[PDB]
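Quick notes on the structure that follows.
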Amino acid sequence: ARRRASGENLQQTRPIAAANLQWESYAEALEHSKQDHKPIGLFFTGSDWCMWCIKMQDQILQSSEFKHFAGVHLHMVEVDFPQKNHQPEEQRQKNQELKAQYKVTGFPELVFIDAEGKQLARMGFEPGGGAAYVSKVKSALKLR
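According to the entry's author numbering, the sequence shown is numbered sequentially starting from 1.
Structural data, given as structure tokens:
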């Protein structure tokens with residue numbers, strides 16, 4: 001297949017392309033949601049010891065489909081529990097409170113909440129890649 005081997009088209013497509021994920025604060029997320037009404041995804045993980053978490057981060061959160069979907073439709077908040085901790089005391093207290101608040105036990109776990117703190121849906125690690133993961137969240141949050 002010469003066509004498959006060929007590439008690097010002169011004509012540029014999709015000017016929008018894709019952008020990296022923009023992390024927001026828990027306090028900031030709600031502020032925006034109160035105004036924008038968009039759901040908040042809290043990412044609970046172990047950056048330095050949970051391999052499955054790395055996989056979720058590397059394969060779904062950092063995936064192009066996830067980036068595009070979330071950049072447009074969601075507010076993302078990072079909540080990490082590393083072995084080597086260097087987060088400010090205030091951040092750690094808030095993070096622990098949040099972990100308990102949403103009854104988070106297993107990681108990786110992504111929980112969707114509204115600006116009033118109501119849970120719309122929750123998901124963990126699920127094979128299939130970024131495209132498939134976003135389809136699932138859409139159905140869960142009733143986005144259409």
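Backbone N, C-alpha and C fix where the C-beta goes; we use that ideal spot for every residue, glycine too.
Check: Please check the pair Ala131 and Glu65, which I expect to be a contact at CB under 8 Å, by giving their CB distance rounded to whole angstroms.; Outcome: 4 Å
Check: According to DSSP, is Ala17 part of a helix, a strand, or is it coil?; Outcome: coil
Check: Rounded to whole angstroms, how far is the Cβ of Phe44 from the Cβ of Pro108, which I believe are closer than 8 Å?; Outcome: 7 Å
Check: How is the alpha helix (DSSP H) around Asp36 delimited, first residue to last?; Outcome: 26-36
Check: Under the three-state reduction of DSSP, which class applies to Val104: helix, strand or coil?; Outcome: coil
Check: Could you give the C-beta distance for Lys38 and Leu61, rounded to a whole number, given that I count them as a contact under 8 Å?; Outcome: The Cβ separation is near 17 Å, so there is no contact.
Check: My assumption, with CB atoms under 8 Å, is that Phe112 sits in contact with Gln101. Please give the rounded CB distance.; Outcome: Not really, about 14 Å apart at Cβ, beyond 8 Å.
Check: What residues in its chain sit with their C-beta under 7 Å from that of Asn20, if we drop five residues either side in the sequence?; Outcome: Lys67
Check: Counting C-beta neighbours from all protein chains within 10 Å, is the total for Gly7 16 or more, i.e. buried, or is it exposed?; Outcome: exposed
Check: For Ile113, list the residues DSSP reports as bridge partners.; Outcome: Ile40, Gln119
Check: Looking only at its chain, what residues have a beta carbon closer than 6 Å to the beta carbon of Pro82, apart from the 5 residues adjacent to it on each side?; Outcome: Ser47, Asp48
Check: Identify which residue in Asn85, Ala29, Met51, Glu24 has its Cα closest to the Cα of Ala115.; Outcome: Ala29
Check: Applying the 10 Å Cβ sphere with the 16-neighbour rule, what's the burial state of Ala18?; Outcome: exposed
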